[PDB]
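Only one chain is included here, represented as structure tokens and corresponding to the form deposited in one PDB entry.
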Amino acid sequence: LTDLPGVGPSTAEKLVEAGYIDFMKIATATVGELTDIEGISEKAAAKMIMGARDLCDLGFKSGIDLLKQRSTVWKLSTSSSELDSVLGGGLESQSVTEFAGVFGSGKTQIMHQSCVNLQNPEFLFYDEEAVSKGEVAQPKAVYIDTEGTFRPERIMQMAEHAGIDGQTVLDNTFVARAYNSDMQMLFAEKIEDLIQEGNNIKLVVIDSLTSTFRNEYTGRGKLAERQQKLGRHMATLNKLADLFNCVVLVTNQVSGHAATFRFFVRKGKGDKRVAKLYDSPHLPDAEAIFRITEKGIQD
């Protein structure tokens, strides 16, 4: 931090104590965020922000440099061929993907499968020229469970069928049981703390993203307070995904909010499930057929 213009030993201590340990967080911070650190002037805050931006090279880019930025995105396999294809490779890091669907369509199953797949290095697709092995080493997941449906037995089972160690998944997955939107949102904001503690959080799951908000803001009169709260939640999720190059997955039961990739899942015959991609930034709408068995997601 002292490398930053105007930042000395004392200021650096104030910053690290306020959660600002890396340059990107400072480079992308508002003057308000820093000035509120107390002892950090608005003039110094402005100087270090401008300084961090330059150190991080946050300016105009064009040509081949545009491709380089896009290549920092790695993708996680869903264990389904059709689904990975519809996704253009797999679940994207630096974006939020929503799996919406009717009761029992498999939203939670997909969340569990992703936690398991994170521990199979062959399921993380990336360009080794833009993404180093070190960046995706010892990956960990965070599962914010707002429904109470996290099931360690299912993790063990899916892991077994995938040929990987179930306990290893459990050891590298953090679960937080949230009973309301306040806890849900706070846990999400605390993920940055886990990373500062040395945990390479590469997958974040929110199951469910919308349940608490709906139960708390039923009265369709104060829909403003609700949309404001959820919007701030989503903004935190998107920034977290971008800054820490990780995959953010969220579920939503449906029989409006921001999400970069949107799926609607319904049941097929028995084992069968059909997931319709109806919104993404660069892909055409398409449907993927897969199944959910004791092995987890397959086909």
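Throughout, rigid core stands for the largest set of C-alpha atoms superposing within 1.5 Å between the two forms. Shifts are known only where both forms have a C-alpha. Don't overthink the numbering: it's just position in the shown sequence, from 1.
Heads up, the form deposited in another entry isn't pictured, but that's what we're talking about next.
A.B. asks: With both forms fitted on the core, give yes or no for whether the Cα of residue 235 moves by 2 angstroms or more between this form and the one not shown.
C.D. replies: No, residue 235 moves less than 2 Å.
A.B. asks: If I superpose the two forms on their rigid core, does the C-alpha of residue 272 end up displaced by 2 Å or more between this form and the one not shown?
C.D. replies: Superposed on the core, residue 272 moves its C-alpha less than 2 Å between this form and the one not shown.
A.B. asks: Superpose on the core, then tell me which runs of at least 3 consecutive residues have all their CA atoms shifted by 2 Å or more between this form and the one not shown.
C.D. replies: Moving stretches, in sequence order: 57-69, 256-258.
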